[PDB]
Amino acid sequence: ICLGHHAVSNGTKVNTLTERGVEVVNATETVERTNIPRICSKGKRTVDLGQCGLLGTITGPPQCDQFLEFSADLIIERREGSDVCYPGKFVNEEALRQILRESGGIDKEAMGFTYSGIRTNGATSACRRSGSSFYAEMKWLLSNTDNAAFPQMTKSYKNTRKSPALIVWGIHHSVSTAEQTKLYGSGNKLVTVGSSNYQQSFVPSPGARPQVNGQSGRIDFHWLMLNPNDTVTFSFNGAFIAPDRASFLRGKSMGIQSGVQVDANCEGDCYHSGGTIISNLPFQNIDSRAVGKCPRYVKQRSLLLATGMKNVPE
């Protein structure tokens, strides 16, 4: 009697500790190369910001008007998005973005500031709504008359909540010392900001910036997280954009950046800019910056795992 083993004509080459291209009966792939070019968002509260910028959800330019109090398991930033109507930007913008991506959305709340004999309806044709508007969650505080002066004010707010409050104010930088005074009066204007935690202060800086959105003025946006039962104070005298509402984080979420469509027909937990990586493979060669729950990125395209014996054909 005699005994042997099975074989095939067409085998599959694998690599070993010692060899490189040994043919086995059957091997299987270990590295995922397959991408699905959609955001597989089946089962998740998803928010596609489109033209709204993630930071705009806090301040409220018109693109973000429908995102001021959103709730999410999954947040999608788009390329066409913008945090801004009136030209300007945030200090520590990415830190803030990272916070917002895993916030689970935001709840808004009146800080309850009241103003004593100044203007309050500052606007522009950069923030277009019915006519010339401004950021929905903010207040463009102005000297009472079309030149006038600004009475060094003090406003304060206390986080009487169990969760940290996101506080956001803006500093205005005008085209010139000319316009800076028409808006706020003359003199070097100073804004200070503190807490049982925080320590900073600000001065404007008028001058000609290039024209963005049709404007040469800018707005410096700044932010701080107030703690439960901690108080925050705004010593200010001009060049100042006042926070109307404060923000609280809802819970937990994931934030991604993509340019592909959403599909509630597929389930995914590993995302990148070009879609969803649905795989059970331990590795992947698609995007090293893939995020969520993903296989480890490897530089190798293919790594074949032997699932059979040596193929020795006659």
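One rule holds for the numbers: they count along the sequence shown, beginning at 1.
K.L.:
Compare the mean C-alpha B-factor of 101-109 with that of 139-147 as given in the PDB entry, and name the stretch with the higher value.
P.N.:
Higher mean C-alpha B-factor: 139-147.
K.L.:
For the higher mean C-alpha B factor in the entry, choose 160-168 or 70-78.
P.N.:
For C-alpha atoms only, the mean B-factor is higher in 160-168.
K.L.:
Tell me, please, which of 219, 84, 212, 224 has the highest C-alpha B factor according to the deposited entry?
P.N.:
When the deposited C-alpha B-factors of 219, 84, 212, 224 are compared, 224 is largest.
K.L.:
Hey, what third does residue 9 fall into on Cα B-factor, ranked over its chain?
P.N.:
Highest third of the chain for residue 9's C-alpha B-factor.
K.L.:
Can you work out whether the C-alpha temperature factor of residue 118 puts it in the lowest, middle or highest third of the chain?
P.N.:
According to the entry, residue 118 has a C-alpha B-factor in the chain's highest third.
K.L.:
Name the third of the chain's ranked CA B-factors that contains residue 95, choosing lowest, middle or highest.
P.N.:
Within its chain, residue 95 is a lowest-third residue by C-alpha B-factor, going by the deposited values.
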